[PDB]
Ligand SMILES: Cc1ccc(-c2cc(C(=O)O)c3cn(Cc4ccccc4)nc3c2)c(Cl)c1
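Take a look at this single chain, the form deposited without the ligand, given in structure tokens.
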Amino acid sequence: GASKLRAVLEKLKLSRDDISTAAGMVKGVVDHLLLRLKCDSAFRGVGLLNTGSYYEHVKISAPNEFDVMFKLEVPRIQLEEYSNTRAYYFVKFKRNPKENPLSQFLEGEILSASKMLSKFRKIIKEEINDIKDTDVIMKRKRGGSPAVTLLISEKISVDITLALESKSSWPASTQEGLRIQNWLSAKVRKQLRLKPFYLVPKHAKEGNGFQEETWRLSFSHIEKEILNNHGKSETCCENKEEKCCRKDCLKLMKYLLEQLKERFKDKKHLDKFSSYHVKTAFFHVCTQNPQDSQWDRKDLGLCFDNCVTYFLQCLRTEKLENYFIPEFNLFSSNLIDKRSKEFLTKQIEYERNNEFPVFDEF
């Protein structure tokens, strides 16, 4: 079952040999924006999260779609859980003698996601008009996760996420998360938890409206670290004797969902599903299968099939726990409707029974 998958993986990799220039264009725009933000009193401390890189591709089948995060330090914050959601919080500031320059975004006691996002978009919009060799257009808002979507010439899109950084003990809701103890080790878990966590502007939306000024917890940096340090051996994959298919399985899982979403993007059934769900499911399967020998590259076929099966089980039962926040169900009926899950279930089951033809067809 691995041979067809290997051909797919090779195809997906080769499509990225062309990117070096695209990454260049993204960098040009990003550096430009950061200069303006640094000139702005509110964003003076802003910088890239994925330090050393101007590109990250969240979607495996979208090589022309870039994702960058602009982080902003908040030296001390008090979180207040929004409506028992375990992932959404109001951000307030603690006692701080010196002037805190983010005061301009406050609304009463609470840091306004709306104000910060509004100004973030404002600064960028005025600033992109100062990009002269490259045409950069700001797209209309569709949410707060990407604070800004930029359209660069006719080839490049950049999703920009603004995040607050907090270098303090992770919230209690994360206490039982990051369940890598039996996979990457308990000591690695502890090391990772000495790192900061992030907060992204995000309204806490419900069926009857939304809470405007909430922020959601983000551990994207840890997710990256795990994927690139997925072994308990660590140099797993730096040598053939330890070549595993974890990374391959994730690309294929992401690719399966992305291909199906692309296939049916017009019927809208799959709009609420994302690579983050796939990636979360993947980490759970890795947790269930902590030994590198359960991911032998030779078993790509069955490893991927088993990954698919787990994802299907999550869809059918409407349950996918956030890897860092176990009480946060990414697949709750409140976030994703059953119709979408039944549709995806059937499409995946069709694909799996036919050796995943959607992988070749476009």
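From 1 onward, residues are counted along the sequence shown.
One more form of this protein should be noted, the form deposited with the ligand bound, which is absent from this view; the next part is about it.
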> How does the site look for the ligand after superposition from its pose in the bound PDB entry: open, or blocked with 3 or more ligand atoms within 2.4 Å of a backbone or C-beta atom?
Replying inline: blocked
>> Counting any non-hydrogen atom inside 4.5 Å, which residue from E56, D40, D296, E318 sits next to the ligand in the bound PDB entry?
In response: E56
>> Only one of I124, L111, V136, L217 gets a heavy atom within 4.5 Å of the ligand in the bound PDB entry. Which one?
In response: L217
> Would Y276 sit within 4.5 Å of the ligand in the bound PDB entry, counting heavy atoms only?
Replying inline: yes
>> Would you classify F283 as touching the ligand in the bound PDB entry, given a 4.5 Å non-hydrogen atom cut-off?
In response: yes
>> Although the partner isn't part of this model, could you tell me whether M69 comes within 4.5 Å of the ligand in the bound PDB entry, counting any heavy atom of the residue?
In response: yes
>> I'd like to check something about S166: if you look in the bound PDB entry, is any of its heavy atoms closer than or equal to 4.5 Å to a heavy atom of the ligand?
In response: no
> For the chain shown here without its partner, which stretch in 221 to 229, 73 to 81, 97 to 105, 288 to 296 has non-hydrogen atoms within 4.5 angstroms of the ligand in the bound PDB entry?
Replying inline: 221 to 229
> Which of the residues spanning 19 to 55 lie within 4.5 Å of the ligand in the bound PDB entry, based on heavy atoms?
Replying inline: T51
